[PDB]
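Residue numbers (the deposited numbering), protein chains in the order written: chain A, 1552 to 1630; chain C, 1427 to 1630; chain E, 143 to 156, 170 to 203.
Ideal Cβ positions, reconstructed from N, Cα and C, are used throughout, including at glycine.
Working notes, beginning with the structure itself.
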Amino acid sequence: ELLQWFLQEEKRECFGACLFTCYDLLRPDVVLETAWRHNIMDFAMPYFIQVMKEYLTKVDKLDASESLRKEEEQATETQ
Amino acid sequence: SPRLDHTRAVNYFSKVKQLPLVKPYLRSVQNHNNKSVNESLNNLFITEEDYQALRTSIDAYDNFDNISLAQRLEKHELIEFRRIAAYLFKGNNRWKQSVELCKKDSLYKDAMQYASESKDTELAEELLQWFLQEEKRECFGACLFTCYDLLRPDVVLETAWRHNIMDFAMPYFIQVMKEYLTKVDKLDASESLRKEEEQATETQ
Amino acid sequence: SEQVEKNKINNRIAXXXXXXXXXXXXXXXXXXXXXXXXXXXXXXXXXX
């Protein structure tokens, strides 16, 4: 709602489409695209999009970690 | 009808230059799936220019030489059969139809649809790699490719970086796979917590 | 006559669901239809 408006009436969209993102993720793909339909140019900024990247690369760290947890104990107690 | 062998008839017609009279004789018949039927029958629908029948004349009965038949069709000018010879050769086998294209019969249309059903994944790189050097609808190309599950991996998403600096912005799909690989992640984190929850419970 | 006549007529008139849509959609780059709306809207929507 806010963002869609930022576009047609303001330019700080940067701080807009950004402070939005950094909090968990409430700014999904749905919004990251809504901006394309329109603005070919205007979109480069990222601070946040990557905050979620290795975030979704770290939760992946610990996850692969527990995966190996399983693997390790299994192979051990049994072969 | 009942109590003829058919096999010993069409033969007397063909070397007669008069076989078409039997055109309707082939009407209520052709359920026999017999070869002489489809075989010249097609030969008929071919020189006669019939496609509705010819198409339906084979929309069921598959008893024939799935080869040379499409050979005489390709030699045509009227794509009707150069369009079906395309089909006829592909027939429930998609690999032929595409791997046989070039300037001609490169239709910006059906060419962007007969790949989709394929299974030889890499052929996408085949087609796409080609789209680049010879066509521009690469957009619809490199895209309709992607949306079906994922056949357009990282390998291709990059090939375009080294290569074409400019030309690549389009996405509809790359994100379809994004929250897709963010939703399967939803349910997954969900079952992870399933586990957590039950564990901590039964063991607190 | 008629067939060769029917011939020229062409070259003369100018999951499943998702696929069909994208197809009957094309024309995107033709002029960036996915900007005007059609292409972009349809695709994104029935594509997620």
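| said: So with CB distances below 8 Å, who are the chain D contacts of A/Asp1593? | reply: The question asks about chain D, but that chain is absent: this structure's protein chains are A, C and E.
| request: Can you check the region 1559-1606 of chain A for any alpha helix (DSSP H) of at least 4 residues that lies completely inside it and give the ranges in chain order? | output: 1564-1573, 1580-1588
| request: Compute the beta-carbon to beta-carbon distance between C/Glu1503 and C/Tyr1477, rounded to the nearest angstrom, for a pair I have assumed lies under 8 Å. | output: So it is not a contact: roughly 15 Å between Cβ atoms.
| Which residues in the same chain as A/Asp1593 place their Cβ atom closer than 6 Å to its Cβ, once the five residues preceding and following it in sequence are excluded? | none
| task | Keeping to the same chain, check which residues put their C-beta closer than 6 Å to that of C/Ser1427; ignore five residues upstream and five downstream. | result | none
| task | Reducing DSSP to helix, strand and coil, say where A/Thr1608 ends up. | result | helix
| message | In the DSSP assignment, the alpha helix (DSSP H) including C/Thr1547 goes from what residue to what residue? | response | Looking at the DSSP string, C/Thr1547 is not in any alpha helix (DSSP H), and its letter there is neither H nor E.
| message | Against chain C, does A/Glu1564 count as a neighbour if the rule is that its beta carbon must be under 8 Å from one of theirs? | response | no
| Ends of the alpha helix (DSSP H) at E/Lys148? | It spans 144-151 - the alpha helix (DSSP H) in which E/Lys148 sits, taken as one unbroken run.
| query | Beta-carbon of C/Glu1623 versus every beta-carbon of chain A: anything under 8 Å? | reply | no
| Any idea what DSSP makes of C/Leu1613, helix, strand or coil? | When secondary structure is reduced to three states using DSSP, C/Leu1613 falls in the helix class.
| said: Counting beta carbon pairs with one atom in the region 1533-1545 of chain C and one in the region 1561-1575 of chain C, are three or more of them shorter than 8 Å? | reply: yes
| query | At a cut-off of 7 Å, is E/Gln145 close to the ligand SAM when judged by its beta-carbon and the heavy atoms of the ligand? | reply | Ligands displayed in this structure: none; no statement on the ligand SAM is therefore possible.
| Under 8 Å from the C-beta of C/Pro1597: neighbouring residues of chain A | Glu1584, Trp1587
| query | Any residues in the region 1471-1493 of chain C with a beta carbon nearer than 7 Å to a beta carbon of chain E? Which ones, in chain order? | reply | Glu1475
| request: Could you please tell me which residues of the region 1492-1514 of chain C, in chain order, have their CB closer than 7 Å to any CB of chain E? | output: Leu1504
| query | Thinking C-alpha only, which one of C/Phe1571, C/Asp1485, C/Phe1566, C/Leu1619 is nearest C/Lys1545? | reply | C/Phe1571
| By Cβ distance below 6 Å, which residues in the same chain neighbour C/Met1538 in space, the five residues on each side in sequence not counted? | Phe1566, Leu1570
| query | Any beta-carbon of chain A closer than 8 Å to the one on C/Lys1449? | reply | Contact of C/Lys1449 with chain A is not assigned, every C-beta pair being separated by 8 Å or more.
| said: Any beta carbon of chain A sitting closer than 8 Å to that of C/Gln1601? | reply: At least one beta carbon of chain A lies nearer than 8 Å to the beta carbon of C/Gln1601.
| task | Label C/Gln1497 either buried or exposed according to how many other C-beta atoms from any shown protein chain fall within 10 Å of its C-beta, with 16 as the threshold for buried. | result | exposed
| said: Contact defined as beta carbons within less than 8 Å: I believe C/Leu1495 pairs with C/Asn1459. What is the distance between those atoms, to the nearest angstrom? | reply: The pair is not a contact, with the Cβ atoms about 16 Å apart (cut-off 8 Å).
| query | Would the beta-carbon of C/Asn1492 fall within 8 Å of that of C/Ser1462? | reply | no
| task | Please report the Cβ distance between residue 1412 of chain C and C/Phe1490, rounded to the nearest whole angstrom; I am assuming they are in contact, meaning their Cβ atoms lie under 8 Å. | result | Any question about residue 1412 of chain C goes unanswered here, given that chain C covers just 1427 to 1630.
| request: Could you run through the region 1516-1546 of chain C and flag, in chain order, every residue whose CB is less than 8 Å away from some CB of chain A? | output: none
| message | I'd like to know whether the C-beta of A/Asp1580 is nearer than 8 Å to at least one C-beta of chain C. | response | It does: the Cβ of A/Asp1580 has a partner Cβ on chain C nearer than 8 Å.
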